[PDB]
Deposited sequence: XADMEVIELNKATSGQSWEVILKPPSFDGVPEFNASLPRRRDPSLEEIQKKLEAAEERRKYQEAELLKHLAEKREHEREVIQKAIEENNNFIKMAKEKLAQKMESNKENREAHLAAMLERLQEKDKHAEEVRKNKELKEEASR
């Protein structure tokens, strides 16, 4: 039943006023600074870019390590194969030479027995010669 109407403004395309139903129960009006700065903003944007760049480089360093390992396993397979060859080559030459050695030894032993049979024969022949002619 009360209401206070305080006129504010009046223009060509409008009118304004204030309506007050009740004054403020409490009195004494309502009872900023940054600013910021371009340097501060740049510093934070740059710090963030460096965090982004550091991590991209870290992933890259990890990918580079996998690449080195890839070369290492290829190299490992090369080394195992060369060694295989080396061992097979020496195992064989030792075998071929040992067999040559045993085979020539066997043929020498048998040829020596036949040779001794020849010595024994001229010896037997010497005995007959001493029995024959003498007394005869």
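Stretches of the deposited sequence left without coordinates are 1, 33-38, in sequence order.
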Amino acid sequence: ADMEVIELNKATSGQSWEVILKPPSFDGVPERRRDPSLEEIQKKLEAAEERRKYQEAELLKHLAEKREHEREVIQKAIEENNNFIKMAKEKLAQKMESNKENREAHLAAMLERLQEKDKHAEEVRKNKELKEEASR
From here on, numbers count along this sequence of modelled residues.
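For clarity, a rigid core is taken as the largest C-alpha set superposing within 1.5 Å between two forms.
Between 36-44 and 50-58, greater CA displacement relative to the shown form is found for 36-44 when the structures in 7 other deposited structures of this protein are fitted on the core. Two stretches, 22-30 and 106-114, are weighed by how far their CA atoms sit from the shown form in 7 other deposited structures of this protein after rigid core superposition; the farther one is 22-30. Legend: mean Cα B-factor per stretch from the PDB entry, 57-65 versus 33-41; the higher mean is in 33-41. If you average the C-alpha B-factors over 47-55 and over 22-30, the higher value belongs to 22-30. Ranked by C-alpha B-factor against the other modelled residues of its chain, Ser13 falls in the middle third.
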